[PDB]
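Let me begin by presenting the structure, written as structure tokens, before commenting on it.
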Amino acid sequence: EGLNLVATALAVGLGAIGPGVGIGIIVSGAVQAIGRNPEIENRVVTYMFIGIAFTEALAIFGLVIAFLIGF
Amino acid sequence: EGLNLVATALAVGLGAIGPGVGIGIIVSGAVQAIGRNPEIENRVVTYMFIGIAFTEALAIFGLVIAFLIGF
Amino acid sequence: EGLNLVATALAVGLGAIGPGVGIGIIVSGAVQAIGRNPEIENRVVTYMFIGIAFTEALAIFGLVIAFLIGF
Amino acid sequence: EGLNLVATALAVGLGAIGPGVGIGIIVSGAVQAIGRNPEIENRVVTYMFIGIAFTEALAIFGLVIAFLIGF
Amino acid sequence: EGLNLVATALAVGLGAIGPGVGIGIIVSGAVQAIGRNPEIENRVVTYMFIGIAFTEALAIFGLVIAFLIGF
Amino acid sequence: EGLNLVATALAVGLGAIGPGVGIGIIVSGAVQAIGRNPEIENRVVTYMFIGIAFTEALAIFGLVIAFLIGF
Amino acid sequence: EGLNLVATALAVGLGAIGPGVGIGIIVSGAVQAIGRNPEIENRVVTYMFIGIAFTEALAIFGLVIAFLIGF
Amino acid sequence: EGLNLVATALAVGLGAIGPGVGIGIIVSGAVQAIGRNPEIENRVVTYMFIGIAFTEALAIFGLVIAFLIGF
Amino acid sequence: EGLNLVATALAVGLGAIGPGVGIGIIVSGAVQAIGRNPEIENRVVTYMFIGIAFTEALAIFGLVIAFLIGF
Amino acid sequence: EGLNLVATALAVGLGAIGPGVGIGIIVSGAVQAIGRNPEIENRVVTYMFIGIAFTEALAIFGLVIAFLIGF
Amino acid sequence: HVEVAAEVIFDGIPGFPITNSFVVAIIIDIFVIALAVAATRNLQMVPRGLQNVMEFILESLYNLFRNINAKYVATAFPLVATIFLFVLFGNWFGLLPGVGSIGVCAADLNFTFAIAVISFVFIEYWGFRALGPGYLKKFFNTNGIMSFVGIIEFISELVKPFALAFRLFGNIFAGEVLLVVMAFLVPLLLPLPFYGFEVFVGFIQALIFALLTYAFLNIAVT
Amino acid sequence: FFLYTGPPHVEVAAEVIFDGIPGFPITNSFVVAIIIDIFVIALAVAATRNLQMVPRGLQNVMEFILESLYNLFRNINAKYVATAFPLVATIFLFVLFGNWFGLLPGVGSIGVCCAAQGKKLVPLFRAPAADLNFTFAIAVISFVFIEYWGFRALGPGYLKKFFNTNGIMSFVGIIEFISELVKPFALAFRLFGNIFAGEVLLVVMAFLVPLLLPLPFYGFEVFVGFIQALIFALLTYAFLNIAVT
Amino acid sequence: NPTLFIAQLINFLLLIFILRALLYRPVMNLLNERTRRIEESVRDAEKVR
Amino acid sequence: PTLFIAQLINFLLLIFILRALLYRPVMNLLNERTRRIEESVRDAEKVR
């Protein structure tokens, strides 16, 4: 009917707006803290990646729901 | 009818957008705190987890409601 | 007329949107405060839990609407 | 029809996001102030409760309609 | 039909996110200022309540039209 | 036909928000500047009121257009 | 039908919140700028009104177009 | 029919939403920076002109899209 | 009934929303940095322009997709 | 009908918004860290590059699914 | 079962036989007069409670207004005092004080509009009295390029009292609706202290209305 | 520059099957996975070489990569830096291999019988990263390894991390356990969406104007695939450390 | 489907085990040996002094 | 089909771009790693 296409579009758009500013401020805070001290930069670089991964997982859930709707 | 598919799209998207920026703010503030003083990472990281879990609780509430509407 | 499904989807997602970033900002402030004043946990984490309790309580009221759709 | 339930869902969703992020900002400002100095905590907590009460008033404004539509 | 009901839901629900974040930010700034300078506690409180008077006025602009459209 | 009612609800729904976030942010800067420099006064306040007026003009336009279409 | 009224509602509502808060950001930035240094107040005066004029030029595009919809 | 009217309303509103907060942040950053120190006034003014040009580019893109849909 | 009209309008508006809010924060940060120290100069100019071109690409997508529907 | 075209418009716009706003905070944090400890120039180059790479990863997810709806 | 209803009436038209808003106002006035009688005749040099209300309410508000605007708080002291010791008292009487709109065989729009009309008359009388042409200042003057919205600012000020009346009627009416909803489902307030939250919200709304009147007066000053 | 022709059409699918099903059910993903494993084994054999501390020689590159991965794992934690290092190194250069070979000439057209008929021309490439089964298996294995490591290190700790996290009133458990459980599914879906999305892009975007449009797209896709492989490798260790911590 | 997933998991596990035994064990051993040789050489320089 | 030709052309262009983009930096890094190993060997010889 075409409303499934609307559902997929809405799902991916939501899953894209969600983590955009998220990962943005993530890496912003990461580079900030690195500039404050390049000594503990490795530890914070390790710690920010799980935060990136959770947001990416939410985005992936949004995308795979659209794919599931497609099939 | 396609109302179920748009329902799942709305559920997952509107429940995932919040926790995305949420995780963003969480790990952002965590990384500024750790770079500022990582001697207390032991607790800062623990707080991040408890907070990460709290926002992921809402994330999985949205996801499980989307799954339930999908089945 | 299956508007109940989209109704509960929108309710859960768009009630969970806010408390997500609310948890994010409260724990950003708290991790900053701990990176300033660690031993104050006994009071600051109490205020943390109070603010947390309000947030997921509001989200849980949204979830009660989601279950009212079940009713 | 189910449009009344959609109305309730939209009302609670839009009435829960607002105070949901509100109280988060409230407690965020309060906790940065505390971490800055835990000597004015009495006044800080009083103003925080005032803000929490205003946000709760907004939440009730967006929430009572959910039951009113049921009537 | 129920389109007037969902219109009431739109009227009351919308115009809540912005005033909610405003209620957040007003006291966030106020407590930051008062912790930064407690000698201005009276003036900061007055400049907080003026912002209250405006943002709650916007919230009630939403609420009054919600009741007008409701009846 | 209630579509006009929906249009009015949506109109005022976003109409009374512009200042909401605006008075939220404007007061923050004002009180922070006052705390930074309490000597400067009445100039920040004149700019404060000018900004408040310019922000709330949009809300007034939204409300008056809503009234015009509602009557 | 009332779709013209929906068009007016969208025109007045959307495109107003953006400039509505942009004005607040402008004036707050100017306020802390002068608070930190009042000797640059003349340049701040020159910059304020031009920024406000441009954001209001976006807002008036939003408004006059709605008047055109009204005819 | 009316679909073009609401289409134009949505176009202008969603083309004004972005550049509004855009120019707001533009001017806030510019006034703050020039308040930090004079002698870079010409350079910050040039960057200000670049910013307003880039925001008003998208503004006029939305405006001319709506204008062309008008015919 | 003219679905392509609203499709083009929505595409243009929701493509053009992003770059303004991006470029605002973008040049605000760089101009604050250069106000702190003019040494980086062109080096920061180069860091800024490519970042702005990245969102210009999304603006191009928003315009082009509407153009395809428009012709 | 053009509901699929509306789906493509929604997908592209609402998938462009997220990365578009995010990269702004990304490169703003980058230039801030340039202005404060530019010793990390290589590190910030790498980290901002990977952060954006995630952002247009989300963007290209949105664009490719939008094409699929258009396919 | 929800049974809430709107008590909208016409102030210009004669009072209705029921007159719920008028009855509530009369009850609030009677309670205030009783408190004043108890605190006036039985008044000592250092009274506790009887003079405590005066010291902690009237003197505190006068000090706050003087801090906000000294030498103008004195001029409009009656207006702020009238805003105080009222509205909040009417809401306290209307906060389910043994009736709750039950057993019948501020929320009024007309009253709020009249209060805002009094506020705007306070503007037209006192504000810009020290200047006369102050209302015309920064409004389409020679510098009207930077003050084009100045007349729009005046209109907002004209709309500011209307919004104040709306905020007086709003929230206060909301509290009534929330209490009615709690009675219909989950009675005895709610799991949270609904009644206490409503009372605090009404008190905060009255204080905010008084402060808004004082701030509007100060803005009219400059 | 112009792209006068070449835009024949666009076609995508969830996955692709392969031959050999009679003796044992084989999908094209299994063929791709076997090829990636064979290439990895060949690289290790060449990397080993004489193994007499030979500098450079194309083995120093593999040695440096392994050393960097070991340093990253050590920085993440040290309780299981040695025992679990082979586990993370298994994902490293294997997810990377899956991301690679997607830009090979006709990667999406490999094994097509032929646009004339396409009767049984199943593309026998089916990039191992671009298959839900492989990602699901990898995530399940990683979650099982993390759970076993937590049980072995602190068996009471794994249970007390949720059940006894806060016995009085509420507790971090349940929500924490639910989040960890979603973490395996989240990791699986991450690999499912990644690589598959890159292939869909390389098909659709290059279907129109296949000249300098697919080039930056493939560069970004390769960078994203390497980033995703590194992210999964680091996230396994991060989850293990969080369980230990 | 599920059988194919199980087969892929088994193949990946076998390849990973073979690699850990042969390359990862030996590559790590070689790198550690080189580093330890350098460190013990610094110790031998100390002994030389 | 022609999709294979397009993919081959894109892969060739990508390889040509990458071989000049940072292949020299990669070679420099590899040479540096080999130099570090050789320096360790030389240091061992010297100390012994």
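Heads up, the Cβs are rebuilt from the backbone with ideal geometry, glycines too, and the neighbour counts pull from every protein chain shown. What follows draws every value from the coordinates through simple rules; no lab data is involved.
Overview of results
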| read-out | value |
| --- | --- |
| So residue J:14, is it facing chain I (nearest Cβ under 8 Å), farther than 22 Å from residue A:21 by Cβ and surrounded by 24 or more Cβ atoms within 10 Å (Cβ to Cβ) | no |
| Some residue of the stretch L:83-94 being touching a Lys or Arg at 6+ places or on another chain (Cβ under 9 Å), within 14 Å of chain M (Cβ to nearest Cβ) and over 21 Å from residue L:190 (Cβ atoms) | yes |
| Residue that is facing chain F (nearest Cβ under 7 Å) and closer than 13 Å to residue H:19 by Cα, where the choices are G:31, G:27, G:21 | G:21 |
| Selection within the stretch I:35-47 - in contact with a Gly (Cβ under 9 Å, 6 or more places away or on another chain) and at the interface with chain J (Cβ under 7 Å from one of its Cβ atoms) | I:36, I:37, I:40, I:44 |
| Residue in the stretch L:106-125 that is within 19 Å of residue A:60 (Cβ to Cβ), touching a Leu at 6+ places or on another chain (Cβ under 8 Å) and not in a helix (DSSP H, G or I) present | no |
| Per-region count, the stretch L:1-24, residues under 22 Å from the mean Cα position of the chain (by Cα) and of a type outside the set (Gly, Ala, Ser) | 5 |
| Some residue of the stretch K:11-20 being of a type outside the set (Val, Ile, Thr) and under 22 Å from residue E:45 (Cβ atoms) | no |
| Filter pass, residue B:9 being more than 22 Å from residue L:176 (Cα to Cα), part of a helix (DSSP H, G or I) and within 7 Å of chain C (Cβ to nearest Cβ) | no |
| In the stretch K:180-194, the residues that are in a helix (DSSP H, G or I) and either touching a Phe, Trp or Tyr at 6+ places or on another chain (Cβ under 7 Å) or surrounded by fewer than 21 Cβ atoms within 10 Å (Cβ to Cβ) (or both) | K:181, K:182, K:183, K:184, K:194 |
| Any chance residue L:125 is within 18 Å of the chain's Cα centre (by Cα) and surrounded by 23 or more Cβ atoms within 10 Å (Cβ to Cβ) | yes |
| Residue among B:27, B:45 that is assigned to a helix (DSSP H, G or I) and surrounded by fewer than 24 Cβ atoms within 10 Å (Cβ to Cβ) | B:45 |
| Unmet criterion (only one of (1) over 22 Å from the mean Cα position of the chain (by Cα); (2) within 29 Å of residue L:199 (Cα to Cα); (3) loosely packed, with under 12 Cβ neighbours inside 10 Å) for residue L:42 | (1) |
| Subset of the stretch L:34-85 (residues that are outside any loop (DSSP other than H, G, I, E, B) and either touching a strand residue (DSSP E or B) at 6+ places or on another chain (Cβ under 9 Å) or among the polar types (S, T, N, Q) (or both)) | L:48, L:59, L:60, L:68, L:71, L:75 |
| Unmet criterion (only one of (1) within 12 Å of chain M (Cβ to nearest Cβ); (2) farther than 22 Å from residue N:27 by Cβ; (3) among the small types (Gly, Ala, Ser)) for residue L:6 | (1) |
| Only listed residue being within 14 Å of chain M (Cβ to nearest Cβ) and surrounded by 18 or more Cβ atoms within 10 Å (Cβ to Cβ), chosen from L:99, L:71, L:50, L:60 | L:60 |
| Candidates N:34, N:2 - the one that is of a type in the set (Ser, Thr, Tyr) and under 30 Å from residue M:48 (Cβ atoms) | N:34 |
| Cβ-Cβ under 9 Å pairs, at least 6 apart or on other chains, the stretch C:1-28 side charged (D, E, K, R), far side in a helix (DSSP H, G or I) | C:1/B:3; C:1/D:3 |
| Subset of the stretch F:48-71 (residues that are hydrophobic (A, V, I, L, M, F, W, C), within 10 Å of chain E (Cβ to nearest Cβ), more than 23 Å from residue G:33 (Cβ to Cβ) and crowded, with 22+ Cβ neighbours inside 10 Å) | F:59, F:60, F:63, F:66 |
| Residue count for the stretch L:130-160, restricted to those that are surrounded by 21 or more Cβ atoms within 10 Å (Cβ to Cβ) and outside any helix (DSSP H, G or I) | 2 |
| Every residue from the stretch H:30-42 that is of a type outside the set (D, E, K, R) and either under 13 Å from residue G:33 (Cβ atoms) or outside any loop (DSSP other than H, G, I, E, B) (or both) | H:30, H:31, H:32, H:33, H:34, H:35, H:37, H:38, H:42 |
| Selection from the stretch K:86-96 of residues that are in a loop (DSSP other than H, G, I, E, B) and surrounded by 22 or more Cβ atoms within 10 Å (Cβ to Cβ) | K:87 |
